[PDB]
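Contents: one structure, followed by commentary.
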């Protein structure tokens, strides 16, 4: 039971990923997309926030032929901490 | 609770989201400016946020570092270990932390809580 669900790379360039997760039945206030190079992950990453009304994002400025780990978090404006059980995937290039 | 308490340090901001941190390091920080804040994914754990770019909206780019406390010592996932975050911070002003995400990670000026 992850929140959100079904994270996948929809489309990719050598330097950019187009990701999507389930626009769900039960909505949240925001999402935080985190990403980093696998092997340095989870100790080094970059991140950005999107509203809960969104279920897609682009991660750009990446390098070709590199393994990346991407984790999406869900959150509430009424909590400092993210919801437990985020969802995570790997993708190279 | 299991490592030296760094909450009295001036570069410690406590509750501060990644978006808030990015705004701070942008509006007042330079390249290599850093702050420590509490993790939002791991309660009680710390995050070192480092400005690593000027540009990417009119916001700057921040790389984030997970701080691990294990067996009374601090590290950033590997390599050297420190009795305090203050010692860790000083070491990574003089030494590079890592090269990742197309940027060389090294500390410069702390961004202090106001």
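Here the Cβ positions follow ideal geometry from the backbone for every residue, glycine too, while neighbour counts run over all protein chains shown. Each reported figure results from applying straightforward, stated rules to the coordinates on display, with no laboratory input.
Does residue B:99 satisfy the criteria of being in contact with a helix residue (DSSP H, G or I) (Cβ under 9 Å, 6 or more places away or on another chain), surrounded by fewer than 15 Cβ atoms within 10 Å (Cβ to Cβ) and within 14 Å of another protein chain (Cβ to nearest Cβ)? Working first, answer last.
On the way: in contact with a helix residue (DSSP H, G or I) (Cβ under 9 Å, 6 or more places away or on another chain): no; surrounded by fewer than 15 Cβ atoms within 10 Å (Cβ to Cβ): yes; within 14 Å of another protein chain (Cβ to nearest Cβ): yes.
So residue B:99 does not fit the description; no.
Only a single criterion out of (1) more than 12 Å from chain B (Cβ to nearest Cβ); (2) under 21 Å from residue B:53 (Cα atoms) is not satisfied by residue A:7, namely (2). For the residues B:93, B:30, the requirement of being farther than 29 Å from residue A:65 by Cβ, assigned to a loop (DSSP other than H, G, I, E, B) and more than 12 Å from chain A (Cβ to nearest Cβ) singles out B:30.
Mind checking whether some residue in the stretch B:79-96 is under 27 Å from residue A:79 (Cβ atoms) and under 14 Å from the mean Cα position of the chain (by Cα)? Checked against the condition, which is being under 27 Å from residue A:79 (Cβ atoms) and under 14 Å from the mean Cα position of the chain (by Cα), the stretch B:79-96 yields at least one hit.
One line per residue, one yes/no per condition, for (1) away from chain B (no Cβ under 11 Å); (2) surrounded by 15 or more Cβ atoms within 10 Å (Cβ to Cβ); (3) under 21 Å from residue B:103 (Cα atoms):
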| residue | (1), (2), (3) |
| --- | --- |
| A:22 | yes, no, no |
| A:35 | no, yes, yes |
| A:71 | no, yes, yes |
| A:85 | no, no, no |
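Quick check: is even one residue across the stretch A:37-55 part of a strand (DSSP E or B) and away from chain B (no Cβ under 12 Å)? No, there is no match, as no residue in the stretch A:37-55 is part of a strand (DSSP E or B) and away from chain B (no Cβ under 12 Å).
Here is a check on your reading of the model: is residue B:80 farther than 21 Å from residue B:21 by Cβ, within 14 Å of another protein chain (Cβ to nearest Cβ) and touching a helix residue (DSSP H, G or I) at 6+ places or on another chain (Cβ under 7 Å)? Judged against the criteria, residue B:80 is a match. The residue of the stretch B:55-77 that is farthest from the other protein chains (Cβ to nearest Cβ), among those that are assigned to a loop (DSSP other than H, G, I, E, B) and under 18 Å from residue B:39 (Cβ atoms), is B:76.
Residues of the stretch A:24-33 being closer than 14 Å to residue A:70 by Cβ and more than 9 Å from every other protein chain (Cβ to nearest Cβ), which ones? A:31, A:33 - these are the residues of the stretch A:24-33 that are closer than 14 Å to residue A:70 by Cβ and more than 9 Å from every other protein chain (Cβ to nearest Cβ).
Counting only residues that are outside any loop (DSSP other than H, G, I, E, B) and facing chain B (nearest Cβ under 10 Å), the stretch A:57-69 holds 2 of them. With the structure loaded, tell me whether residue B:2 is farther than 15 Å from residue B:110 by Cβ, out of contact with any strand residue (DSSP E or B) (no Cβ under 8 Å at 6 or more places or on another chain) and more than 13 Å from chain A (Cβ to nearest Cβ) or whether it fails that test. Criteria not met by residue B:2.
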